[PDB]
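Engineer: Handing over model-v1.txt, compact mmCIF, C-alpha atoms and all ligand atoms.
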# COMPACT_ATOMS: atom_id res chain seq x y z
CA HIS A 41 0.00 0.00 0.00
CA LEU A 42 2.54 2.66 1.14
CA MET A 43 5.23 1.81 -1.48
CA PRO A 44 2.94 1.32 -4.52
CA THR A 45 1.43 4.77 -3.82
CA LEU A 46 4.77 6.60 -3.90
CA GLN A 47 5.83 4.53 -6.97
CA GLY A 48 2.64 5.21 -8.97
CA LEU A 49 3.14 8.93 -8.33
CA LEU A 50 6.84 8.92 -9.30
CA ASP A 51 8.73 7.86 -12.41
CA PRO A 52 10.98 4.80 -11.63
CA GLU A 53 14.20 6.81 -11.38
CA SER A 54 12.59 9.19 -8.88
CA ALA A 55 11.28 6.23 -6.91
CA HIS A 56 14.84 4.74 -6.88
CA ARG A 57 16.23 8.00 -5.51
CA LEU A 58 13.58 8.09 -2.78
CA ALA A 59 14.29 4.47 -1.87
CA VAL A 60 18.04 5.17 -1.53
CA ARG A 61 17.27 8.20 0.66
CA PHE A 62 14.78 6.32 2.86
CA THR A 63 17.16 3.37 3.26
CA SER A 64 20.14 5.60 4.03
CA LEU A 65 18.17 7.28 6.86
CA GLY A 66 17.20 3.89 8.32
CA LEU A 67 13.44 4.48 7.79
CA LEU A 68 12.53 0.80 7.51
CA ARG A 72 12.31 -9.17 12.44
CA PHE A 73 13.98 -12.28 10.91
CA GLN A 74 17.01 -13.47 12.94
CA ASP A 75 19.41 -15.43 10.74
CA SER A 76 19.70 -19.16 11.47
CA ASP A 77 23.13 -20.81 11.66
CA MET A 78 21.91 -22.85 8.65
CA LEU A 79 22.25 -19.70 6.47
CA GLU A 80 25.91 -18.93 7.25
CA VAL A 81 28.41 -19.36 4.40
CA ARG A 82 32.22 -19.13 4.46
CA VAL A 83 33.61 -18.10 1.07
CA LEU A 84 35.98 -15.47 -0.51
CA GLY A 85 37.97 -15.35 2.76
CA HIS A 86 34.93 -14.18 4.72
CA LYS A 87 31.97 -15.31 6.87
CA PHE A 88 28.56 -14.33 5.49
CA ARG A 89 25.74 -14.40 8.12
CA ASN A 90 23.27 -15.21 5.33
CA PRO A 91 23.75 -15.73 1.59
CA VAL A 92 21.34 -13.01 0.33
CA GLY A 93 22.93 -9.77 -0.89
CA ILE A 94 21.85 -6.58 -2.59
CA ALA A 95 22.99 -6.54 -6.19
CA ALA A 96 24.95 -3.70 -7.74
CA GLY A 97 22.96 -0.81 -9.11
CA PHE A 98 20.71 -0.10 -6.10
CA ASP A 99 23.38 1.81 -4.17
CA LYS A 100 25.63 3.02 -6.98
CA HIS A 101 27.43 5.59 -4.85
CA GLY A 102 27.77 3.94 -1.43
CA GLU A 103 25.10 6.07 0.31
CA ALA A 104 22.92 3.39 1.91
CA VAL A 105 25.21 0.60 3.08
CA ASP A 106 24.20 0.57 6.70
CA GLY A 107 20.49 0.78 5.88
CA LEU A 108 20.88 -2.20 3.59
CA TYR A 109 22.35 -4.33 6.37
CA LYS A 110 19.45 -3.16 8.56
CA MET A 111 17.11 -4.52 5.84
CA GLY A 112 18.58 -7.98 6.45
CA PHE A 113 21.05 -8.43 3.59
CA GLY A 114 23.97 -10.70 4.45
CA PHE A 115 26.28 -8.63 2.27
CA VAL A 116 26.18 -5.37 0.36
CA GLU A 117 27.61 -4.54 -3.04
CA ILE A 118 27.89 -0.93 -4.09
CA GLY A 119 28.49 0.48 -7.56
CA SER A 120 29.24 0.42 -10.37
CA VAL A 121 31.67 3.26 -9.64
CA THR A 122 33.59 4.93 -12.48
CA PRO A 123 36.94 6.72 -12.03
CA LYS A 124 35.66 10.21 -12.84
CA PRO A 125 32.11 11.38 -12.11
CA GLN A 126 29.72 11.05 -15.03
CA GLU A 127 26.07 11.66 -15.61
CA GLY A 128 25.10 8.54 -17.55
CA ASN A 129 22.57 8.36 -20.35
CA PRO A 130 19.92 10.82 -21.15
CA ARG A 131 16.56 10.33 -19.56
CA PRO A 132 14.17 8.46 -19.57
CA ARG A 133 16.45 5.55 -18.70
CA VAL A 134 14.53 3.18 -16.38
CA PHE A 135 11.26 1.40 -17.20
CA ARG A 136 8.97 -0.88 -15.25
CA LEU A 137 7.30 -3.94 -16.86
CA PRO A 138 4.81 -4.79 -14.12
CA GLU A 139 3.05 -7.56 -16.09
CA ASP A 140 6.44 -9.34 -16.37
CA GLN A 141 7.79 -8.53 -12.86
CA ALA A 142 10.71 -7.03 -14.81
CA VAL A 143 12.66 -3.79 -15.29
CA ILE A 144 14.59 -2.42 -18.25
CA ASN A 145 17.38 0.07 -17.53
CA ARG A 146 19.85 2.04 -19.59
CA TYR A 147 21.48 4.17 -16.88
CA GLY A 148 24.92 4.12 -18.54
CA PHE A 149 27.02 4.18 -15.34
CA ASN A 150 25.78 7.32 -13.69
CA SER A 151 28.41 7.64 -10.97
CA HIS A 152 29.65 10.12 -8.36
CA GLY A 153 33.15 8.82 -9.16
CA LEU A 154 35.91 7.16 -7.18
CA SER A 155 36.92 10.14 -5.03
CA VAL A 156 33.43 10.82 -3.71
CA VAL A 157 32.81 7.17 -3.00
CA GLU A 158 36.26 6.74 -1.35
CA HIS A 159 35.49 9.51 1.08
CA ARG A 160 32.06 8.10 1.84
CA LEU A 161 33.45 4.69 2.63
CA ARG A 162 36.35 6.12 4.62
CA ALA A 163 33.87 7.88 6.93
CA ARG A 164 32.63 4.43 8.08
CA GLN A 165 35.72 2.29 7.41
CA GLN A 166 36.17 0.96 10.95
CA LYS A 167 32.42 0.40 11.34
CA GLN A 168 32.64 -1.74 8.23
CA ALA A 169 35.63 -3.60 9.57
CA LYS A 170 33.50 -4.60 12.56
CA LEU A 171 30.51 -5.52 10.36
CA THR A 172 32.72 -7.72 8.17
CA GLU A 173 34.13 -9.43 11.27
CA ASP A 174 30.52 -10.00 12.35
CA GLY A 175 29.67 -11.72 9.02
CA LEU A 176 28.44 -8.74 6.98
CA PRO A 177 30.92 -8.12 4.13
CA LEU A 178 31.10 -5.27 1.63
CA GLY A 179 31.76 -5.55 -2.10
CA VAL A 180 32.61 -2.71 -4.49
CA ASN A 181 31.75 -2.97 -8.18
CA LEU A 182 33.99 -1.11 -10.62
CA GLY A 183 33.12 0.31 -14.04
CA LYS A 184 34.78 2.44 -16.69
CA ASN A 185 34.10 5.95 -17.90
CA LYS A 186 32.34 6.47 -21.22
CA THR A 187 35.20 8.46 -22.80
CA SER A 188 38.07 6.42 -21.36
CA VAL A 189 40.80 5.55 -23.91
CA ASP A 190 42.27 2.72 -21.75
CA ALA A 191 39.72 0.46 -20.05
CA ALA A 192 42.29 -1.51 -18.08
CA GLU A 193 43.65 1.70 -16.55
CA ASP A 194 40.13 2.71 -15.39
CA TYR A 195 39.75 -0.65 -13.60
CA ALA A 196 43.27 -0.40 -12.18
CA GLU A 197 42.43 3.06 -10.77
CA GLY A 198 39.39 1.54 -9.10
CA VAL A 199 41.44 -1.21 -7.50
CA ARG A 200 43.92 1.25 -6.11
CA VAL A 201 41.30 3.71 -4.75
CA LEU A 202 38.51 1.44 -3.52
CA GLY A 203 40.26 -1.90 -3.17
CA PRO A 204 41.55 -0.98 0.26
CA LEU A 205 37.98 -0.33 1.48
CA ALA A 206 36.37 -3.54 0.06
CA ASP A 207 36.11 -7.20 1.02
CA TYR A 208 35.75 -8.00 -2.66
CA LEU A 209 35.97 -6.06 -5.88
CA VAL A 210 33.93 -6.73 -9.02
CA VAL A 211 35.31 -6.12 -12.50
CA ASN A 212 32.09 -5.31 -14.27
CA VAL A 213 32.64 -6.17 -17.91
CA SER A 214 28.95 -6.94 -18.64
CA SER A 215 26.91 -3.74 -18.57
CA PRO A 216 24.85 -3.61 -21.74
CA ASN A 217 24.72 0.19 -21.56
CA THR A 218 28.34 1.22 -22.23
CA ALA A 219 29.47 0.91 -25.88
CA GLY A 220 32.14 -1.73 -26.34
CA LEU A 221 32.22 -2.82 -22.68
CA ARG A 222 31.01 -6.37 -23.20
CA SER A 223 33.84 -6.98 -25.71
CA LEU A 224 36.13 -6.97 -22.63
CA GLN A 225 34.68 -10.43 -21.89
CA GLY A 226 36.58 -11.80 -24.93
CA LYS A 227 39.49 -14.12 -24.11
CA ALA A 228 42.48 -11.92 -25.05
CA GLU A 229 40.95 -8.66 -23.74
CA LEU A 230 39.85 -10.30 -20.51
CA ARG A 231 43.23 -11.93 -19.87
CA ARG A 232 45.07 -8.61 -20.37
CA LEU A 233 42.60 -6.67 -18.27
CA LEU A 234 42.48 -9.17 -15.43
CA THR A 235 46.26 -9.63 -15.29
CA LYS A 236 46.55 -5.86 -14.72
CA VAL A 237 43.75 -5.83 -12.17
CA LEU A 238 45.25 -8.73 -10.18
CA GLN A 239 48.76 -7.16 -10.26
CA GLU A 240 47.27 -3.97 -8.83
CA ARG A 241 45.34 -5.87 -6.17
CA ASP A 242 48.36 -7.91 -5.12
CA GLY A 243 50.25 -4.63 -4.51
CA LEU A 244 47.85 -3.65 -1.70
CA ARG A 245 48.81 -4.26 1.93
CA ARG A 246 47.52 -7.55 3.32
CA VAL A 247 44.63 -6.25 5.45
CA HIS A 248 43.53 -4.07 2.50
CA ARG A 249 43.73 -6.77 -0.14
CA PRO A 250 40.28 -7.70 -1.54
CA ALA A 251 39.11 -10.74 -3.44
CA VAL A 252 38.58 -10.03 -7.16
CA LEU A 253 35.50 -11.27 -9.01
CA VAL A 254 34.37 -10.84 -12.62
CA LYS A 255 30.70 -10.09 -13.40
CA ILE A 256 29.50 -11.63 -16.63
CA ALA A 257 26.57 -11.29 -18.98
CA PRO A 258 23.71 -13.80 -19.48
CA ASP A 259 24.06 -13.40 -23.29
CA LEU A 260 27.38 -15.13 -23.87
CA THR A 261 28.03 -17.79 -26.41
CA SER A 262 29.23 -21.23 -25.36
CA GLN A 263 32.70 -20.26 -26.72
CA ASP A 264 32.70 -17.09 -24.65
CA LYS A 265 31.86 -19.02 -21.48
CA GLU A 266 34.56 -21.63 -22.12
CA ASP A 267 37.07 -18.82 -22.67
CA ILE A 268 36.09 -17.01 -19.45
CA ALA A 269 36.41 -20.23 -17.47
CA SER A 270 39.89 -20.84 -18.94
CA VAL A 271 41.09 -17.33 -18.06
CA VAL A 272 39.63 -17.44 -14.55
CA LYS A 273 41.49 -20.65 -13.84
CA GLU A 274 44.72 -19.51 -15.56
CA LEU A 275 44.91 -16.31 -13.51
CA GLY A 276 43.45 -17.43 -10.20
CA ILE A 277 40.46 -15.04 -10.25
CA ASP A 278 38.67 -15.41 -6.94
CA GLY A 279 35.10 -15.72 -8.15
CA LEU A 280 32.39 -14.88 -10.67
CA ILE A 281 29.13 -12.88 -10.45
CA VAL A 282 26.59 -14.53 -12.76
CA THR A 283 24.74 -12.58 -14.25
CA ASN A 284 24.19 -9.00 -15.28
CA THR A 285 21.03 -7.94 -17.16
CA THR A 286 20.08 -9.35 -20.58
CA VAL A 287 19.86 -7.60 -23.94
CA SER A 288 17.57 -10.43 -25.02
CA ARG A 289 13.78 -10.01 -25.01
CA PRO A 290 12.36 -13.45 -24.24
CA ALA A 291 9.29 -14.45 -26.05
CA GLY A 292 6.22 -13.72 -23.93
CA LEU A 293 7.01 -10.32 -22.44
CA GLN A 294 3.77 -8.36 -21.97
CA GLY A 295 4.86 -4.97 -20.68
CA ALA A 296 4.17 -2.06 -22.95
CA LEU A 297 7.77 -0.95 -22.55
CA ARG A 298 9.33 -4.30 -23.60
CA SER A 299 11.01 -2.84 -26.66
CA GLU A 300 12.89 -0.08 -24.80
CA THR A 301 16.68 -0.32 -25.20
CA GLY A 302 18.58 -1.56 -22.14
CA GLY A 303 19.22 -4.47 -19.82
CA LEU A 304 16.27 -6.56 -18.73
CA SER A 305 16.12 -7.79 -15.11
CA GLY A 306 13.65 -9.65 -12.92
CA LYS A 307 11.59 -12.73 -13.52
CA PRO A 308 12.27 -13.12 -17.26
CA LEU A 309 15.98 -13.28 -16.60
CA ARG A 310 15.73 -15.81 -13.76
CA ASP A 311 16.24 -19.12 -15.57
CA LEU A 312 18.71 -17.77 -18.13
CA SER A 313 20.85 -16.67 -15.13
CA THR A 314 20.44 -20.00 -13.32
CA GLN A 315 21.53 -21.92 -16.40
CA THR A 316 24.56 -19.63 -16.81
CA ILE A 317 25.53 -20.38 -13.15
CA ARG A 318 25.14 -24.07 -13.88
CA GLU A 319 27.43 -23.90 -16.91
CA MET A 320 30.07 -21.78 -15.23
CA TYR A 321 30.17 -24.04 -12.14
CA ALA A 322 30.74 -27.06 -14.36
CA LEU A 323 33.40 -25.35 -16.51
CA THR A 324 35.33 -24.32 -13.35
CA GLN A 325 35.00 -27.78 -11.74
CA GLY A 326 33.16 -26.26 -8.75
CA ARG A 327 36.43 -24.66 -7.59
CA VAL A 328 35.49 -21.00 -8.26
CA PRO A 329 32.92 -19.33 -6.00
CA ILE A 330 29.91 -17.93 -7.82
CA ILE A 331 27.52 -15.20 -6.68
CA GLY A 332 24.21 -15.93 -8.45
CA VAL A 333 21.96 -13.08 -9.48
CA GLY A 334 19.02 -12.54 -11.80
CA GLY A 335 15.33 -12.82 -11.01
CA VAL A 336 15.56 -14.02 -7.36
CA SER A 337 12.31 -13.21 -5.56
CA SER A 338 11.77 -16.27 -3.36
CA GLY A 339 13.49 -18.95 -1.39
CA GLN A 340 12.97 -21.39 -4.22
CA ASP A 341 14.63 -19.01 -6.65
CA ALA A 342 17.59 -18.65 -4.29
CA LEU A 343 17.90 -22.43 -3.69
CA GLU A 344 17.77 -23.16 -7.41
CA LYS A 345 20.77 -20.93 -7.93
CA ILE A 346 22.62 -22.41 -4.92
CA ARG A 347 21.98 -25.97 -6.16
CA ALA A 348 23.16 -24.92 -9.62
CA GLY A 349 26.46 -23.77 -8.09
CA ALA A 350 26.09 -20.39 -6.39
CA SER A 351 27.66 -19.91 -2.98
CA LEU A 352 25.80 -16.65 -2.49
CA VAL A 353 22.91 -14.89 -4.26
CA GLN A 354 21.88 -11.33 -4.87
CA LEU A 355 18.67 -9.52 -5.81
CA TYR A 356 17.56 -6.06 -6.85
CA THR A 357 14.48 -6.07 -9.09
CA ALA A 358 12.31 -8.01 -6.57
CA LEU A 359 12.88 -5.22 -4.01
CA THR A 360 11.34 -2.74 -6.47
CA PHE A 361 8.13 -4.76 -6.69
CA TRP A 362 7.76 -6.27 -3.19
CA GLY A 363 9.82 -3.89 -1.06
CA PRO A 364 11.99 -4.60 1.99
CA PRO A 365 9.90 -7.54 3.24
CA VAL A 366 11.14 -9.64 0.31
CA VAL A 367 14.55 -10.02 1.98
CA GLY A 368 13.19 -11.78 5.05
CA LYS A 369 10.79 -13.73 2.88
CA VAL A 370 13.61 -15.16 0.72
CA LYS A 371 15.63 -16.06 3.82
CA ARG A 372 12.75 -17.73 5.68
CA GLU A 373 11.69 -19.68 2.59
CA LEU A 374 15.27 -20.74 1.85
CA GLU A 375 15.73 -22.08 5.40
CA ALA A 376 12.43 -24.03 5.15
CA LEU A 377 13.42 -25.57 1.78
CA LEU A 378 16.87 -26.52 2.97
CA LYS A 379 15.24 -28.40 5.86
CA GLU A 380 12.68 -30.08 3.55
CA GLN A 381 15.36 -31.20 1.13
CA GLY A 382 17.57 -32.65 3.91
CA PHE A 383 20.42 -30.15 3.73
CA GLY A 384 22.28 -29.31 6.93
CA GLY A 385 22.77 -25.77 5.71
CA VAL A 386 23.46 -23.62 2.67
CA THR A 387 26.97 -24.93 2.31
CA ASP A 388 25.72 -28.50 1.82
CA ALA A 389 23.41 -27.39 -1.01
CA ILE A 390 26.02 -25.51 -3.09
CA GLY A 391 26.37 -27.34 -6.41
CA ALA A 392 24.02 -30.19 -5.23
CA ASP A 393 22.39 -30.57 -8.67
CA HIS A 394 25.74 -31.52 -10.19
CA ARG A 395 26.18 -34.43 -7.74
CA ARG A 396 22.84 -36.20 -8.38
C1 LIG A 401 18.30 -0.21 -12.31
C2 LIG A 401 19.46 -1.20 -12.35
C3 LIG A 401 20.76 -0.73 -12.36
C4 LIG A 401 21.83 -1.61 -12.37
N1 LIG A 401 23.13 -1.16 -12.34
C5 LIG A 401 24.20 -2.03 -12.23
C6 LIG A 401 25.50 -1.58 -12.05
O1 LIG A 401 25.82 -0.37 -11.91
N2 LIG A 401 26.47 -2.52 -11.98
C7 LIG A 401 26.27 -3.88 -12.12
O2 LIG A 401 27.20 -4.67 -12.07
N3 LIG A 401 24.99 -4.31 -12.29
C8 LIG A 401 23.98 -3.43 -12.33
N4 LIG A 401 22.68 -3.87 -12.48
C9 LIG A 401 22.46 -5.31 -12.62
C10 LIG A 401 22.07 -6.02 -11.32
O3 LIG A 401 23.17 -5.98 -10.36
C11 LIG A 401 21.74 -7.50 -11.45
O4 LIG A 401 22.90 -8.15 -12.04
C12 LIG A 401 20.51 -7.68 -12.41
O5 LIG A 401 19.57 -6.62 -12.26
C13 LIG A 401 19.81 -9.04 -12.14
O6 LIG A 401 19.30 -9.18 -10.84
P1 LIG A 401 17.75 -8.84 -10.50
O7 LIG A 401 16.92 -9.63 -11.56
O8 LIG A 401 17.56 -9.37 -9.09
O9 LIG A 401 17.55 -7.34 -10.58
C14 LIG A 401 21.59 -2.98 -12.42
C15 LIG A 401 20.29 -3.43 -12.40
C16 LIG A 401 19.20 -2.56 -12.36
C17 LIG A 401 17.77 -3.13 -12.36
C1 LIG A 402 14.96 0.36 -11.00
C2 LIG A 402 14.98 1.72 -10.22
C3 LIG A 402 14.17 1.52 -8.92
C4 LIG A 402 12.79 1.82 -8.85
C5 LIG A 402 12.12 1.59 -7.66
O1 LIG A 402 10.80 1.84 -7.54
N1 LIG A 402 12.80 1.09 -6.55
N2 LIG A 402 12.44 0.77 -5.40
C6 LIG A 402 13.53 0.31 -4.78
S1 LIG A 402 13.61 -0.32 -3.17
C7 LIG A 402 11.87 -0.18 -2.68
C8 LIG A 402 11.47 1.19 -2.10
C9 LIG A 402 10.69 2.04 -2.88
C10 LIG A 402 10.30 3.28 -2.39
CL1 LIG A 402 9.36 4.32 -3.39
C11 LIG A 402 10.68 3.69 -1.12
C12 LIG A 402 11.45 2.84 -0.32
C13 LIG A 402 11.83 1.60 -0.82
CL2 LIG A 402 12.81 0.54 0.12
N3 LIG A 402 14.60 0.37 -5.55
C14 LIG A 402 14.17 0.81 -6.70
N4 LIG A 402 14.81 1.04 -7.84
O1 LIG A 403 24.57 1.68 -15.37
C1 LIG A 403 23.88 0.89 -15.97
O2 LIG A 403 23.30 1.14 -17.06
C2 LIG A 403 23.95 -0.59 -15.70
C3 LIG A 403 25.15 -1.21 -15.48
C4 LIG A 403 25.17 -2.62 -15.40
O3 LIG A 403 26.20 -3.25 -15.18
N1 LIG A 403 24.01 -3.32 -15.61
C5 LIG A 403 22.82 -2.66 -15.89
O4 LIG A 403 21.80 -3.32 -16.12
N2 LIG A 403 22.79 -1.31 -15.96
CL CL A 404 42.85 2.49 3.45
Starting from the file, lay out its structure as structure tokens.
Ligand SMILES: Cc1cc2nc3c(=O)[nH]c(=O)nc-3n(C[C@H](O)[C@H](O)[C@H](O)COP(=O)(O)O)c2cc1C
Ligand SMILES: CCc1cc(O)n2nc(SCc3cc(Cl)ccc3Cl)nc2n1
Ligand SMILES: O=C(O)c1cc(=O)[nH]c(=O)[nH]1
Ligand SMILES: [Cl-]
Structural biologist:
Amino acid sequence: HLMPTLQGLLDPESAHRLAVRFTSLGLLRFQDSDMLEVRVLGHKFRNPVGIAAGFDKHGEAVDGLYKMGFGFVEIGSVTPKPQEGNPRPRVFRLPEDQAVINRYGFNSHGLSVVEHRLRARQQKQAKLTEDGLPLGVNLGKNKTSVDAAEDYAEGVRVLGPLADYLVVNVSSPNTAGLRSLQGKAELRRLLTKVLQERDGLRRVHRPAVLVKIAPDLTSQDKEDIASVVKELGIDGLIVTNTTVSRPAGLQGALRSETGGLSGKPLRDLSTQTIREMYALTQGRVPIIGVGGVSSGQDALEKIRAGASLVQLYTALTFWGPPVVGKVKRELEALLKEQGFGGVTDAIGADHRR
């Protein structure tokens, strides 16, 4: 009632801004079971449900997001220099599909602003991480950058020391040429540079490095990414970003808007990409599963397919804050029904049957 009112009155971008403000001010029951704890990426996670990148692009609402019940928070994407992103309108709801299309184009306050914001709460975060509530930082590249690898390297040096993990986002559909960085040769060069930069940070400031990939890759592209990840010792994968596909059956009036599609229509394309990447990496590379999670069943499907952790965003825009607790409670119930001792036991379970 209260959320749909404000959202019917506001365009989606305005609603997003209000949600970030409300969350940041802490204007918002479930106590996490031991069954939901996961140890991965060199950290304890109190529960495996995180907020996906894009909700808190500029690191303004981190503490409010933990208050909402997320086991981990990812901020970004952050670009080196501030930039405005694409012209409006750039976000569209597809209510009949429980989906969103966005073409933000990496609107970002930039590394310096975000650095200072995170520094203001750096020791608070250190305590939260120790308590099982880690922080990830997702890095992008500026529109007019002439050297993509140097943009990512700048991000590692500036925000790496404030993050438990960093994400090399090479899968936004809304920056020209970006997804080409997922190609074997480009990815290997880029990731070598990123990992060199990371390894140069002092030990207590040295994050894990993950790569976030698209749902629209060819089988060759996926095989290539798996090979590079193993070759270089990349710490994990985030699977997946939004899709440039438009699955048959979309009903929303705005289905043919340009941008990345998220929410329910992405769900099974993302799950199958998790499944493939888990197999190609022999289950040895942690995966954060994302795309269309709005229930415990959705979360458990991704975990059984190979995800160690999951994230959501689009479900929050339809169902609000209560969806977080709902996913967690449902996931715990399913784990019990299916005879798992906890989340850890379920990771990759479909591959072992
Ligand atoms: C409005 C919006 C903005 C997004 N911005 C980013 C971003 O800056 N960086 C990123 O890696 N992913 C971004 N994403 C992608 C999401 O993190 C997530 O991969 C995708 O939306 C699928 O999850 P969902 O179906 O639960 O929303 C964005 C998604 C939405 C809906
Ligand atoms: C895709 C841009 C967008 C749009 C939107 O209504 N929301 N809503 C959220 S969180 C849900 C929420 C909505 C409102 Cl209006 C106020 C508080 C909260 Cl938590 N994030 C959003 N992001
Ligand atoms: O800024 C955006 O347009 C954005 C980035 C990204 O990685 N994914 C997405 O769907 N939108
Ligand atoms: Cl520091």
Engineer: In Å, how far is it from CA of residue 327 (chain A) to CA of residue 393 (chain A)?
Structural biologist: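 Computing the Euclidean distance for CA of residue 327 (chain A) and CA of residue 393 (chain A) yields 15.3 Å.
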Engineer: Could you list the protein, DNA and RNA residues that have any atom within 6 Å of ligand LIG 402 (chain A), counting all atoms listed in the file, and write them as JSON, numbers by chain?
Structural biologist: {"A": [43, 46, 47, 52, 53, 55, 56, 58, 59, 62, 359, 360, 363, 364]}
Engineer: Taking all atoms listed in the file into account, which residues are within 10 Å of ligand CL 404 (chain A), as an NGL selection string?
Structural biologist: :A and (158 or 161-162 or 165 or 200-206 or 244-245 or 247-249)
Engineer: CA of residue 283 (chain A) and CA of residue 145 (chain A), how far apart in Å?
Structural biologist: 15.0 Å
Engineer: Would you kindly return, as a PyMOL selection string, each protein, DNA or RNA residue with an atom no farther than 6 Å from any atom of region 217-233 of chain A, considering all atoms listed in the file and excluding same-chain residues fewer than 6 positions away?
Structural biologist: chain A and resi 146+148+192+267
Engineer: Would you compute, for all listed atoms of ligand LIG 401 (chain A), the axis-aligned bounding box grown by 4 Å on each side, and then report its centre and edge lengths in Å rounded to one decimal, as AutoDock Vina command-line options?
Structural biologist:
--center_x 22.1 --center_y -4.9 --center_z -10.9 --size_x 18.3 --size_y 17.4 --size_z 11.5
Engineer: Taking 2 positions as the minimum chain separation for residues in the same chain, which residues sit within 8 Å of residue 212 (chain A) when counting all atoms listed in the file? Answer as a list in words.
Structural biologist: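 My list of contacting residues is residues 120, 181, 182, 183, 210, 214, 215, 254, 255 and 256 of chain A.
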Engineer: Check every protein, DNA and RNA residue against ligand LIG 401 (chain A), keep those with an atom at most 7 Å away (counting all atoms listed in the file), and present them as number ranges by chain.
Structural biologist: A: 95-98, 100, 119-120, 134, 143-145, 147, 149, 181, 212, 215, 255, 283-285, 305-307, 309-310, 333-336, 354-358
Engineer: Since the input lacks atoms, please generate N, CA and C atoms for region 133-147 of chain A and provide them as a PDB file, in the coordinates of the input.
Structural biologist:
ATOM      1  N   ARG A 133      15.446   6.602 -18.620  1.00  0.00           N
ATOM      2  CA  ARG A 133      16.450   5.550 -18.700  1.00  0.00           C
ATOM      3  C   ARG A 133      16.157   4.351 -17.819  1.00  0.00           C
ATOM      4  N   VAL A 134      14.989   4.320 -17.208  1.00  0.00           N
ATOM      5  CA  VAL A 134      14.530   3.180 -16.380  1.00  0.00           C
ATOM      6  C   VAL A 134      13.048   2.982 -16.616  1.00  0.00           C
ATOM      7  N   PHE A 135      12.626   1.726 -16.766  1.00  0.00           N
ATOM      8  CA  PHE A 135      11.260   1.400 -17.200  1.00  0.00           C
ATOM      9  C   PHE A 135      10.764   0.201 -16.452  1.00  0.00           C
ATOM     10  N   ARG A 136       9.562   0.276 -15.888  1.00  0.00           N
ATOM     11  CA  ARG A 136       8.970  -0.880 -15.250  1.00  0.00           C
ATOM     12  C   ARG A 136       8.127  -1.679 -16.226  1.00  0.00           C
ATOM     13  N   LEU A 137       8.146  -3.013 -16.084  1.00  0.00           N
ATOM     14  CA  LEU A 137       7.300  -3.940 -16.860  1.00  0.00           C
ATOM     15  C   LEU A 137       6.521  -4.754 -15.819  1.00  0.00           C
ATOM     16  N   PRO A 138       5.453  -4.158 -15.255  1.00  0.00           N
ATOM     17  CA  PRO A 138       4.810  -4.790 -14.120  1.00  0.00           C
ATOM     18  C   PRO A 138       4.184  -6.158 -14.445  1.00  0.00           C
ATOM     19  N   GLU A 139       3.668  -6.285 -15.656  1.00  0.00           N
ATOM     20  CA  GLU A 139       3.050  -7.560 -16.090  1.00  0.00           C
ATOM     21  C   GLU A 139       4.069  -8.697 -16.195  1.00  0.00           C
ATOM     22  N   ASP A 140       5.361  -8.353 -16.277  1.00  0.00           N
ATOM     23  CA  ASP A 140       6.440  -9.340 -16.370  1.00  0.00           C
ATOM     24  C   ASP A 140       7.286  -9.450 -15.091  1.00  0.00           C
ATOM     25  N   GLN A 141       6.956  -8.670 -14.064  1.00  0.00           N
ATOM     26  CA  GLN A 141       7.790  -8.530 -12.860  1.00  0.00           C
ATOM     27  C   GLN A 141       9.248  -8.268 -13.286  1.00  0.00           C
ATOM     28  N   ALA A 142       9.428  -7.322 -14.212  1.00  0.00           N
ATOM     29  CA  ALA A 142      10.710  -7.030 -14.810  1.00  0.00           C
ATOM     30  C   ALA A 142      10.958  -5.523 -14.845  1.00  0.00           C
ATOM     31  N   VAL A 143      12.207  -5.162 -15.052  1.00  0.00           N
ATOM     32  CA  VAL A 143      12.660  -3.790 -15.290  1.00  0.00           C
ATOM     33  C   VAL A 143      13.571  -3.799 -16.486  1.00  0.00           C
ATOM     34  N   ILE A 144      13.572  -2.707 -17.266  1.00  0.00           N
ATOM     35  CA  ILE A 144      14.590  -2.420 -18.250  1.00  0.00           C
ATOM     36  C   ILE A 144      15.289  -1.122 -17.848  1.00  0.00           C
ATOM     37  N   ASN A 145      16.599  -1.147 -17.797  1.00  0.00           N
ATOM     38  CA  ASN A 145      17.380   0.070 -17.530  1.00  0.00           C
ATOM     39  C   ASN A 145      18.477   0.300 -18.528  1.00  0.00           C
ATOM     40  N   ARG A 146      18.723   1.591 -18.782  1.00  0.00           N
ATOM     41  CA  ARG A 146      19.850   2.040 -19.590  1.00  0.00           C
ATOM     42  C   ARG A 146      20.536   3.218 -18.893  1.00  0.00           C
ATOM     43  N   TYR A 147      20.875   3.046 -17.631  1.00  0.00           N
ATOM     44  CA  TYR A 147      21.480   4.170 -16.880  1.00  0.00           C
ATOM     45  C   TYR A 147      22.769   4.663 -17.503  1.00  0.00           C
TER      46      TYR A 147
END
